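First the structure, in the form of structure tokens, and then the observations on it.
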Amino acid sequence: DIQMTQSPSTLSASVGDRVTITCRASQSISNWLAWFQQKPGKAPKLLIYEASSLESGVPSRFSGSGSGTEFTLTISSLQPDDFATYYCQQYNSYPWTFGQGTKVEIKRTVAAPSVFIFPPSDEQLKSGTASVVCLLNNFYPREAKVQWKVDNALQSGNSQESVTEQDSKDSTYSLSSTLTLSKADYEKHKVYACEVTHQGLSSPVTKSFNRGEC
Amino acid sequence: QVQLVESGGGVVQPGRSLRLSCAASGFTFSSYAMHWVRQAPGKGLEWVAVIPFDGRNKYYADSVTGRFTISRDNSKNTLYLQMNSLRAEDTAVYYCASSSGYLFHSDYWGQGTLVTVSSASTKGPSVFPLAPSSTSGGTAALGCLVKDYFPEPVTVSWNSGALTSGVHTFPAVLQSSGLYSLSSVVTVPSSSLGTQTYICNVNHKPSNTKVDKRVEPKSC
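Sequence lines, in order, name chains L and H.
Just so you know, the first sequence maps onto residues 1 to 214 in the deposited numbering.
Just so you know, the second sequence maps onto residues 1 to 52, 52A, 53 to 82, 82A to 82C, 83 to 100, 100A to 100B, 101 to 127, 130 to 216 in the deposited numbering.
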């Protein structure tokens, strides 16, 4: 098939900025290029067809240009309801192929996380596993580092992380990290801690507990 | 008006087969080309297949050529996708889509049906409290760990909908066991733990599981 490569994959901008998204095809597609907007839990919306024609009812701040193998979507003055994911799609050839998408997120000021640590519940320990949970609440930008330490020993390979989308009210993120151990490995150690590194923190914040409310 | 309804999604062991269907009303289905499109969890849209009104052609994405079959029954106003030799990487929400013209328009997309391909088996979640710990003032975090379920999704509410401010429910992660885990948290005034009840409501329709778990500080 014809492979479509969008760039960038993610973008942070502020209201009023000028935004430009590029799409490259692996061979010529003439002008048979479309751009779509998708908000989460919404159907994709057609913005631009045949490379530069605006779809009926789409703000004239959206425009597109290009032919051949290189194409551009441009938003002249970025508005609030334009933070979304944007896909290009070629229809020169079957199979039709979408680009991988470009997420346009909102820019805002640094905001350091509030950090919280949760020991494993007794109920889960009866079942033979221990999950330790570290919460980073309401921070910006998305980049954060979480390091688990057990009796001061760095851990690796035994945790997983998940991050929210940008909050609708304040444009921050939250992140949850889970350390999983067997009950046996959990009771072999005393001090459990997550160390958080982030831009809004002058130095790393550590939260910890001692097994057995100590 | 115009609506498209997928059905037939569920769970599938690798190498096996599943058949999807989509029913159409509010437009002249017998004269429209019809497409399938899928979207894996928080990944991009991927075009799957298309068939014209008369079936005279059938085109397929490269990744599904030889394993998938698209077909239609204009009589019933319905579209089918037959999927065989399914692989983990076919896990996605599958949509039917069409158009009053040539290109996709948001009016003509279905709601989607999830398909999960995995050696894991349907399993309901275990719900564990994430208990909060100064309690005279400040902010307390509390939540629920919804662990070892399959397939997606679960829903989590708090106090039966009456607590929405400050709630973050995180996207599930796939553990190496093939089972999903997620967390749901809320920040509250720490002094509220003395007067207020916090219960998370968890639902896993695929396993008919419904749990209400009260989340309290642990006895010092």
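Note that beta-carbon positions come from the ideal geometry of N, C-alpha and C, so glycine has one too.
Item                                                                                                                                 : Value
Nearest-angstrom beta carbon gap, L/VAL104 and L/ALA84 [assumed within contact, 8 angstroms]                                         : 6 angstroms
is_contact[H/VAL181, chain L] using C-beta, thresh 8 angstroms                                                                       : yes
Bridge partner(s) assigned by DSSP for L/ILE48                                                                                       : L/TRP35, L/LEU54
CB contact check: H/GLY44 to chain L, cutoff 8 angstroms                                                                             : yes
Under 7 angstroms from the C-beta of L/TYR86: neighbouring residues of chain H                                                       : The premise fails here: L/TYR86 is roughly 11 angstroms from chain H at the closest Cβ pair, so nothing lies under 7 angstroms.
Rounded distance between the beta-carbons of H/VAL12 and H/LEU108, thought under 8 angstroms                                         : Between H/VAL12 and H/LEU108 the Cβ distance is about 11 angstroms, and since that is not below 8 angstroms, they are no contact.
CA nearest to the CA of H/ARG16, picked from H/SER179, H/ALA84, H/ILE51                                                              : H/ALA84
Inter-residue Cα distance where the pair is H/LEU20 and H/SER115                                                                     : 20 angstroms
Supposed contact pair L/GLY64 and L/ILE75 - C-beta distance, whole angstroms, cut 8 angstroms                                        : With a Cβ gap of about 10 angstroms, L/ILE75 and L/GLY64 do not count as contacting.
Nearest candidate by alpha-carbon position, reference H/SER153, set H/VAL181, H/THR64, H/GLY10, H/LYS201                             : H/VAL181
Nearest candidate by alpha-carbon position, reference H/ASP86, set H/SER96, H/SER132, H/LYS43, H/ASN76                               : H/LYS43
Residue-chain proximity (L/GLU105, chain H), Cβ-Cβ < 8 angstroms                                                                     : no
Buried versus exposed call for L/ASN137 [16 or more other C-beta atoms within 10 Å across all chains shown]                          : buried
At least 3 beta-carbon pairs within less than 8 angstroms: the segment 73-80 of chain H vs the segment 4-21 of chain L               : no
Candidates H/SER30, H/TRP36, H/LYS201, H/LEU170, of which the one nearest H/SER113 by Cα                                             : H/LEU170
Residues, ordered as in the chain, of the segment 200-216 of chain H that lie near chain B by beta-carbon distance below 8 angstroms : No chain B is part of this structure, whose protein chains are labelled L and H.
Neighbourhood of L/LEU181 by C-beta, 7 angstroms cutoff - its chain only, sequence neighbours within 5 removed                       : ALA130, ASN158
Within-8 angstroms CB hit, residue 267 of chain H to chain L                                                                         : Outside the displayed range of chain H (1 to 216) lies residue 267 of chain H, so it cannot be described from this structure.
Short CB-CB distance (under 8 angstroms) between L/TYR186 and chain H                                                                : no
Backbone CA spacing between L/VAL163 and H/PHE166 [nearest angstrom]                                                                 : 6 angstroms
Anticipated Cβ contact below 8 angstroms, L/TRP35 with L/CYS88, distance rounded                                                     : 6 angstroms
Whole-angstrom distance between L/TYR94 and L/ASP167, CA atom to CA atom                                                             : 39 angstroms
Beta-carbon spacing of H/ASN73, H/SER25 below 8 angstroms                                                                            : no
Residue range of the unbroken beta strand (DSSP E) whose run includes L/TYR86                                                        : 85-90
Minimum length 3: unbroken beta strand (DSSP E) runs contained in the segment 119-171 of chain L                                     : 129-139, 145-150, 159-163
Backbone secondary structure at H/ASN204 - three-state DSSP                                                                          : coil
Short-range partners of chain H found in the segment 181-206 of chain L, where Cβ spacing is below 7 angstroms                       : none
First through last residue of the alpha helix (DSSP H) which encompasses L/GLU187                                                    : 183-187
Residue from L/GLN6, L/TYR140, L/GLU55 whose Cα sits closest to the Cα of L/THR172                                                   : L/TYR140
Short CB-CB distance (under 8 angstroms) between H/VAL169 and chain L                                                                : yes
Pairwise C-alpha distance: L/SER177 and H/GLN192                                                                                     : 27 angstroms
Proximity of H/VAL63 and H/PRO119 at Cβ, strictly below 8 angstroms                                                                  : no
Where L/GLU70 falls, given that 16 or more other Cβ within 10 Å makes a residue buried                                               : exposed
Proximity of H/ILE51 and H/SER70 at Cβ, strictly below 8 angstroms                                                                   : yes
Other residues of its chain near H/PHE122: CB distance less than 6 angstroms, five sequence neighbours each side excluded            : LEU141
Cutoff 8 angstroms: H/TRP36 Cβ touching any chain L Cβ                                                                               : no
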